[PDB]
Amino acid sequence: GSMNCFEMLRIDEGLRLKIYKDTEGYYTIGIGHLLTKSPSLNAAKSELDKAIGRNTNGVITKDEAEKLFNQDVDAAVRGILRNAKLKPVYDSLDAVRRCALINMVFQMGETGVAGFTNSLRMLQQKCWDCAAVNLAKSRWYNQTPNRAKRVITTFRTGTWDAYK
């Protein structure tokens, strides 16, 4: 009932409490938290063993991965506020629609979400249904229909309704 960004991106991206591998031969942990592009698993559990504070073998708790996720969004939007097109309209919505933006940011990337120039600015004038249906006309929406429909519904309502 009390949803935050980290949980909704656990619904859509996926949370793993053990170290895995990103799609290019690179370990990860949690929700897309990259450590290094090296094969040294000891360097893996050493970067993890130095970022968490407890020395473990690559397994953490669900509340310690949320820490690293909050770091990842605190740097992600540190990048958003340096992108000229993502900066304006983000400063215009409510917290949950901003999370709906950071989700796509972490899904495709800064220039990826920047491409929806027309779709982004109708959110500024708060044209929820129009920007929603225009966002539904995307290859993004077609290659992963489910998640995109969730994000677009939160762009519409500005609520966590679609994730319950």
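The first residue of the sequence shown is number 1, and the count goes up from there.
Check: In the PDB record, does 51 to 59 or 64 to 72 carry the higher mean Cα temperature factor?
Finding: Going by the record's values, the stretch with the higher mean is 51 to 59.
Check: 138 to 146 versus 16 to 24: which one carries the higher mean Cα B factor per the record?
Finding: Looking at the recorded C-alpha B-factors, 16 to 24 comes out higher on average.
Check: Out of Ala132, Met104, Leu35, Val96, which residue has the highest Cα temperature factor in the PDB record?
Finding: So the option with the highest C-alpha B-factor is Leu35.
Next item on the list: Choose from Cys127, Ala100, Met108, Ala44 the residue with the greatest Cα B-factor as stated in the PDB record.
Entry: Answer for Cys127, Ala100, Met108, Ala44: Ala44, with the highest C-alpha B-factor.
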